[PDB]
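I have placed the structure first, in the form of structure tokens, so that the comments after it can refer back to it.
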Amino acid sequence: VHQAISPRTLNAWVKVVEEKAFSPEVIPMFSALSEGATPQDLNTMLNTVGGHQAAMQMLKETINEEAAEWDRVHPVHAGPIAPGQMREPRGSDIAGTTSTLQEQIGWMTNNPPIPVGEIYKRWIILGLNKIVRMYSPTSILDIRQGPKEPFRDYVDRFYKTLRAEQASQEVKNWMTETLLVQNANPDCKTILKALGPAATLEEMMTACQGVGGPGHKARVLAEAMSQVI
Amino acid sequence: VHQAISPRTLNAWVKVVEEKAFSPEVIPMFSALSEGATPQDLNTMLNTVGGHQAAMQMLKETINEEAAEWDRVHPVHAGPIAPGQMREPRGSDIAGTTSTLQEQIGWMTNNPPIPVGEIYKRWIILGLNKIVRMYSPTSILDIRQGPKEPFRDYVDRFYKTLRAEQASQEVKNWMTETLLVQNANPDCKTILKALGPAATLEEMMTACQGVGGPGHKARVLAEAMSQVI
Amino acid sequence: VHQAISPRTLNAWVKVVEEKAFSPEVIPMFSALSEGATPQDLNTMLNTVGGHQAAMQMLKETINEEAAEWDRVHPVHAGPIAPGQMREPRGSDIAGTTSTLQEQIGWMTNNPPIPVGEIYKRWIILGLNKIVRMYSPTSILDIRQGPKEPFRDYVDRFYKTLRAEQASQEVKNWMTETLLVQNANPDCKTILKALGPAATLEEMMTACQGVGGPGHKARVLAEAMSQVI
Amino acid sequence: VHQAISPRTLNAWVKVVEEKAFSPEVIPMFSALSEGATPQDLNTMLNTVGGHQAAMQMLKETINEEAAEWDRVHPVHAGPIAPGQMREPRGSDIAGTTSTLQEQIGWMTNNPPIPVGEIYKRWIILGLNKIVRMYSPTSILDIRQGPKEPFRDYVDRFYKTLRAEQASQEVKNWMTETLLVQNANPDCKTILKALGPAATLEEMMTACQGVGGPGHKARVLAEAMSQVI
Amino acid sequence: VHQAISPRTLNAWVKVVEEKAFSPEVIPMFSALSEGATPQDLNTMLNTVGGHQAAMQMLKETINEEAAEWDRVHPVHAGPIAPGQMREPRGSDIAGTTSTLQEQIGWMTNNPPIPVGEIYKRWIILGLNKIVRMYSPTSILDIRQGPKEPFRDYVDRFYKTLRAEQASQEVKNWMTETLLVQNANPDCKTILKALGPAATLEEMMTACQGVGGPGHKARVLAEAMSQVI
Ligand SMILES: CC(C)(C#Cc1ccc(-c2ccc(Cl)c3c(NS(C)(=O)=O)nn(CC(F)(F)F)c23)c([C@H](Cc2cc(F)cc(F)c2)NC(=O)Cn2nc(C(F)(F)F)c3c2C(F)(F)[C@@H]2C[C@H]32)n1)S(C)(=O)=O
Ligand SMILES: CC(C)(C#Cc1ccc(-c2ccc(Cl)c3c(NS(C)(=O)=O)nn(CC(F)(F)F)c23)c([C@H](Cc2cc(F)cc(F)c2)NC(=O)Cn2nc(C(F)(F)F)c3c2C(F)(F)[C@@H]2C[C@H]32)n1)S(C)(=O)=O
Ligand SMILES: CC(C)(C#Cc1ccc(-c2ccc(Cl)c3c(NS(C)(=O)=O)nn(CC(F)(F)F)c23)c([C@H](Cc2cc(F)cc(F)c2)NC(=O)Cn2nc(C(F)(F)F)c3c2C(F)(F)[C@@H]2C[C@H]32)n1)S(C)(=O)=O
Ligand SMILES: CC(C)(C#Cc1ccc(-c2ccc(Cl)c3c(NS(C)(=O)=O)nn(CC(F)(F)F)c23)c([C@H](Cc2cc(F)cc(F)c2)NC(=O)Cn2nc(C(F)(F)F)c3c2C(F)(F)[C@@H]2C[C@H]32)n1)S(C)(=O)=O
Ligand SMILES: CC(C)(C#Cc1ccc(-c2ccc(Cl)c3c(NS(C)(=O)=O)nn(CC(F)(F)F)c23)c([C@H](Cc2cc(F)cc(F)c2)NC(=O)Cn2nc(C(F)(F)F)c3c2C(F)(F)[C@@H]2C[C@H]32)n1)S(C)(=O)=O
């Protein structure tokens with residue numbers, strides 16, 4: 001077909017999902033970056049998304065449900081296929097799983113043509129709509145230690161989201177240098193500030209190990225009552 | 001047709017038209033959800049827009065104007081229509097007013113195919129383009145009583161806007177109780193605050209109907225003169 | 001025809017109507033950019049004028065009345081058309097509404113030739129003459145709030161003019177930051193100045209909501225009599 | 001063709017470029033305005049972009065590289081062309097440079113059809129995408145004079161940007177009145193404010209011809225030391 | 001081909017480029033994910049590198065020089081090609097520019113086989129090796145303002161690097177919030193910290209417009225001498 005994706009379109013789509021993540025702007029750009037492409041190019045563009053595993057899982061669920069709807073609307077004709085004709089597509093074929101490049105190209109160049117690529121394109125674009133409406137990406141700045149949460153658990157969440165985040169290694173080191181102490185519970189923040197800027201992660205952790213325990217609660221209560229008295 | 005509308009796309013279009021009102025980002029979504037849809041499906045999508053009657057009227061005017069332009073571009077050809085072929089569309093025929101689903105299907109799957117859905121799509125896209133460019137939905141946040149506006153007239157305008165506003169009943173009552181008094185000029189706001197928080201609407205109107213009259217002007221003039229005397 | 005508009009001429013016309021607006025200097029440029037062009041190209045240039053809707057409505061009225069005058073001068077001959085010959089153009093055909101590219105080209109290359117493009121050019125250029133003489137574009141700097149006008153109405157007028165005005169978005173933001181406060185009458189101007197430079201639009205509108213009311217009039221009268229006393 | 005652009009699509013596209021400049025908002029609208037339009041109409045739409053010549057150059061570079069890719073994937077046909085069929089398109093033909101309207105219509109209506117318009121639309125979409133990512137239009141608000149920039153060079157840059165600006169003439173004069181003195185560096189701004197608002201441009205340049213010379217530096221240094229002593 | 005890449009390999013390679021950027025870990029992964037892959041699949045994997053334009057340019061230069069070497073060592077076949085066999089590959093064909101998928105499949109299935117995919121993989125390996133040794137990605141952490149650099153140029157470079165950065169929008173906003181003032185030179189940093197955290201970018205640029213001018217140098221020199229005296 002003459003409407004296959006060029007290398008520039010693939011790189012543009014990759015950059016689009018990189019900078020714009022899954023903002024609404026990803027919907028029109030995709031809507032123009034895969035017009036007339038056979039479904040395998042659409043699958044290639046769907047595969048080029050790095051990260052956002054949950055979002056693409058919702059996308060896959062949407063595509064599967066719409067393939068089921070497609071199969072519901074068009075019943076499968078239980079009859080022998082004429083040598084001149086070829087089998088009608090099913091929802092999986094529109095998705096591209098059970099259909100090869102040759103079958104898709106033949107479908108889009110039939111008389112009358114079946115616009116398999118465009119149908120899969122609509123399914124994908126409304127899955128993208130669902131992603132934009134519901135999915136919210138996890139950001140390191142959204143990771144703040146709770147009021148009664150242990151510092152080990154907060155550090156585990158911080159590092160899990162940092163690894164899941166898409167960023168450079170150097171900027172990730174800067175993030176774990178700054179936000180780890182920045183977005184911390186006030187009780188742990190007092191200990192972290194008292195430790196000093198040269199304290200390592202292990203030292204900070206054994207310092208906040210005692211927070212929330214009976215000894216720390218007794219100490220802070222004693223400080224409060226000394227301020228009162 | 002293989003690109004017929006499906007419940008998921010219709011629900012998604014409804015959700016984007018209610019959630020996003022007529023923000024510019026409604027142009028991509030529509031342009032991605034009606035791709036390949038028959039004009040009947042376009043009309044079905046257009047009917048589900050609740051509220052925004054003014055914008056809907058602008059959109060209908062744009063459709064009619066573009067259909068007139070289409071009819072002027074494509075002149076009517078006389079003579080008997082060939083039985084193998086079928087009669088050519090007009091502007092209203094594209095619009096679906098005088099064309100049934102069978103006629104639209106025949107147009108979209110003929111040789112050569114007349115893409116009635118795509119021309120419809122362009123006309124509708126122009127309609128929403130004008131809607132977003134010019135039309136601004138009336139919001140209860142903007143209903144504020146003018147300096148000389150009677151309190152009764154302001155209450156009537158506020159209630160009309162509330163009736164036209166799309167929102168749940170509970171949040172509508174909350175918006176009433178929190179914005180009818182707040183969004184008033186100081187001349188009425190002072191009286192309303194002096195009235196007390198536990199004031200019914202009838203008491204509100206009765207107390208504030210005296211503003212702007214000779215008595216209220218004389219009282220406020222005397223109060224102002226008290227400071228200078 | 002050899003005298004169709006090149007892309008550079010179209011861009012030059014767009015720039016002319018952009019920077020020069022509808023100043024008289026637009027008349028000579030249109031007098032030269034479109035010379036010998038068939039009416040289709042003339043309409044194409046007449047379509048790239050963003051904004052100035054009222055001006056082009058006057059221009060359309062001029063063209064329609066000149067088509068009527070042209071029909072008045074040359075009566076329509078009620079007779080069969082010779083197969084070698086072709087129908088003479090009516091008033092609308094010179095404007096290109098009832099005539100396509102082929103008929104316009106044939107008219108412009110007849111024996112004797114009918115200079116349809118030049119006749120339409122004369123009609124259009126007199127339309128621009130009327131636009132230059134009478135039409136005055138709405139400018140933001142012409143938006144000044146009246147002595148006894150509510151601030152909400154002034155804001156509505158200011159923002160309507162801002163939306164209708166052509167400019168960059170950053171320029172529009174700077175203009176609504178400066179001129180909105182700058183172009184208010186003494187009462188609203190002193191209220192805005194007392195509010196402060198960081199006050200939001202809602203705060204300014206709330207403060208000016210009371211201007212012109214009985215309370216504000218009593219307060220300013222009290223201030224004046226205190227200055228007297 | 002059935003999907004030829006009507007006047008209102010062209011005018012709406014012109015307005016889109018005028019107001020939205022090259023924000024991402026231009027990508028969907030364009031893709032929704034040229035749906036099914038022949039690449040001749042695509043060139044017609046692209047020509048009406050007033051200003052932003054750098055962005056148009058980037059777009060033309062995109063179209064050239066996409067045409068190169070199209071010629072790369074599609075090999076040049078060899079041997080005599082079948083009289084029933086006609087010559088295969090090339091990248092320049094998709095871009096509309098070499099192909100005429102008749103050839104493009106023949107491609108669109110061929111069996112099987114070659115979607116020249118959609119391919120060219122995707123190429124222009126890629127160009128617009130890189131424009132919105134990278135290209136940043138020059139704005140008068142961003143013209144600020146460097147600490148060591150001579151006032152003459154600052155004025156030259158300011159006026160060049162103002163001439164390149166899309167805004168109207170009267171608002172351009174207003175911009176000259178306010179921003180030119182507002183955006184000067186403190187050394188020039190002190191002199192300009194000492195001159196008074198009545199000073200003309202020539203007087204202002206005369207008074208800021210000396211900022212950076214031995215006399216001015218000596219004078220400011222002496223003033224600072226005298227304030228110290 | 002049997003060893004055609006699967007969606008998981010493409011996604012894994014994309015993620016490898018996203019996280020590891022261009023580190024020594026890229027060479028092993030690329031050497032194992034694209035094992036036995038058709039050079040068309042190699043090109044698909046190469047197109048997915050979002051950003052790193054300079055590195056990709058270096059890689060393509062390496063591929064071009066390797067193709068030149070391949071054409072140098074392998075002479076061009078002369079005379080007619082045997083119908084049973086097929087034409088020999090060239091350097092561009094190994095690079096995948098001129099070869100089609102069918103040609104590469106025939107090369108790999110030929111007896112004896114021509115391992116086009118492995119040769120292309122080695123060429124890309126050389127390119128990646130040069131990238132990891134020499135190319136260094138631009139990071140906002142490494143953007144700092146020179147001692148004599150005006151704040152406007154620093155801000156422009158900072159924002160250009162930020163736009164080129166691979167990160168999410170909220171993280172980029174956080175970078176703008178902190179690193180823009182953190183990495184300024186002390187002369188600008190003193191003014192920026194005296195401004196306060198509430199200062200906007202425009203206010204910061206206005207305050208720092210004067211550093212390096214005669215007034216600012218005189219003021220700092222006077223302050224230093226007064227501290228001496
Ligand atoms: C060879 C080639 C031409 C191809 C192809 C190719 C072929 C088919 C499919 C596929 C398409 C549609 C359905 Cl409906 C199913 C299905 N239906 S089902 C009953 O649920 O199993 N299964 N498949 C797997 C099948 F068919 F192979 F079995 C599919 C894919 C999808 C494209 C896709 C990616 C995506 F992200 C979200 C989607 F909605 C669709 N990519 C995958 O599936 C692999 N994937 N999945 C997920 C997840 F689940 F998290 F969303 C993730 C990936 C990931 F990319 F790694 C990325 C991290 C995320 N690509 S090429 C050059 O591009 O590599
Ligand atoms: C069978 C079926 C599939 C169908 C169909 C169907 C068929 C035709 C039309 C129609 C279309 C185009 C023209 Cl050009 C005319 C016309 N030309 S004219 C000279 O102006 O009168 N007349 N019609 C009436 C006709 F049909 F009699 F011809 C039309 C509609 C429109 C679709 C539409 C809705 C819309 F909002 C805005 C539009 F631009 C277009 N919807 C209506 O018309 C009813 N409507 N109108 C308006 C208003 F005016 F306020 F915008 C409103 C409605 C509303 F939906 F109630 C909603 C509150 C708003 N739908 S279904 C869904 O029923 O199952
Ligand atoms: C397809 C193509 C070849 C063509 C054509 C084409 C064909 C005809 C016409 C037209 C010409 C003459 C008459 Cl006498 C009438 C008519 N007489 S009547 C009894 O009153 O209805 N009707 N028409 C509509 C018709 F013919 F379609 F029916 C016309 C136009 C005009 C050209 C024009 C533009 C203009 F600004 C002012 C004019 F005086 C004339 N443009 C429009 O009409 C659309 N327009 N109108 C107005 C308004 F009214 F506000 F001024 C506005 C537009 C706008 F551009 F959007 C812009 C905002 C302003 N273009 S192409 C490649 O160029 O796109
Ligand atoms: C007659 C008609 C049917 C037609 C046509 C017509 C035909 C072809 C082309 C064209 C198309 C594709 C390529 Cl790939 C090249 C090419 N490739 S190349 C190797 O560089 O020479 N050259 N062309 C010139 C060609 F064909 F004449 F040779 C083209 C244009 C473009 C449309 C276009 C405009 C644009 F802005 C950006 C684009 F990407 C494409 N318009 C121009 O290019 C003229 N232009 N250029 C530039 C600049 F350089 F700044 F970007 C500028 C203009 C401008 F519009 F003035 C504006 C200020 C900016 N229109 S009609 C009724 O519509 O007028
Ligand atoms: C159809 C398909 C199967 C295919 C294919 C396909 C075919 C060929 C090529 C190609 C291969 C080898 C050479 Cl030696 C040249 C050449 N030699 S030359 C004398 O320099 O012109 N030219 N080409 C362009 C050609 F072939 F079109 F002519 C090539 C590519 C490359 C793959 C590649 C990308 C890359 F980044 C670095 C590489 F080393 C190789 N992709 C491009 O080159 C496009 N690109 N370029 C650059 C730049 F240069 F800026 F770094 C950039 C891109 C980008 F990806 F956008 C990304 C931002 C960076 N892909 S599919 C489904 O995958 O799309």
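Starting from 1 in every chain, residues are counted up; chains themselves are A, B, ... following the order of the structure tokens, and ligands are numbered from 1 as listed.
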
* To do: Excluding residue 91 (chain D) and residues on its chain fewer than 6 positions from it, collect all residues at most 7 Å away from it, counting only C-alpha atoms, and give them as a PyMOL selection string.
  => chain D and resi 67-68+70-71

* Quick one: residues within 8 Å of ligand 5, with only C-alpha atoms and all ligand atoms, as a VMD selection string? -> (chain A and resid 4 to 12 41 44) or (chain D and resid 65 68 to 69 72 to 73) or (chain E and resid 40 to 64 67 92 95 to 98 101 124 127)

* To do: Define the interface residues of chain D facing chain A as those within 7 Å, counting only C-alpha atoms, and report them as a count of residues only.
  => 7

* For residue 141 (chain D), list every protein, DNA or RNA residue within 9 Å, evaluated using only C-alpha atoms, and leave out those in the same chain fewer than 3 positions away; present the list as a ChimeraX atom specification. => /C:170-171,174 /D:138,144,179,183

Selected residues written out, N, CA and C atoms, as a tab-separated table (two decimals), in the first residue's frame:
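File written: again23.tsv
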chain	number	residue	atom	x	y	z
C	170	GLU	N	0.30	35.74	23.15
C	170	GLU	CA	1.07	36.46	24.16
C	170	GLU	C	0.78	37.95	24.09
C	171	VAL	N	0.67	38.49	22.88
C	171	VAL	CA	0.33	39.90	22.71
C	171	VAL	C	-1.05	40.17	23.30
C	174	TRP	N	-0.80	40.28	27.08
C	174	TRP	CA	-0.22	41.54	27.54
C	174	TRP	C	-1.22	42.68	27.40
D	138	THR	N	8.79	34.64	16.49
D	138	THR	CA	9.36	35.81	17.15
D	138	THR	C	8.25	36.75	17.59
D	144	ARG	N	14.15	42.11	24.21
D	144	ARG	CA	14.70	42.88	25.31
D	144	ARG	C	16.16	43.16	25.02
D	179	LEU	N	6.53	49.38	24.78
D	179	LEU	CA	7.50	48.31	24.98
D	179	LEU	C	8.93	48.75	24.71
D	183	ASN	N	11.36	47.83	27.72
D	183	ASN	CA	12.25	46.69	27.65
D	183	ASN	C	13.72	47.06	27.58

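Separating CA of residue 159 (chain A) from CA of residue 201 (chain A) is a distance of 11.8 Å.
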
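Of note, CA of residue 207 (chain C) and CA of residue 188 (chain C) are spaced 8.5 Å apart.
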
* Tell me, as a ChimeraX atom specification, which residues lie within 10 Å of region 213-216 of chain E, counting only C-alpha atoms; anything in the same chain fewer than 6 positions away does not count. => /D:146-149,185-188,190,211-214,216-221,223-224 /E:187,222

* To do: Could you find all residues in region 42-161 of chain D that DSSP calls helix (DSSP H, G or I) from the backbone, and write them as a PyMOL selection string?
  => chain D and resi 42-47+53-73+91-95+101-108+116-133+140-142+151-161
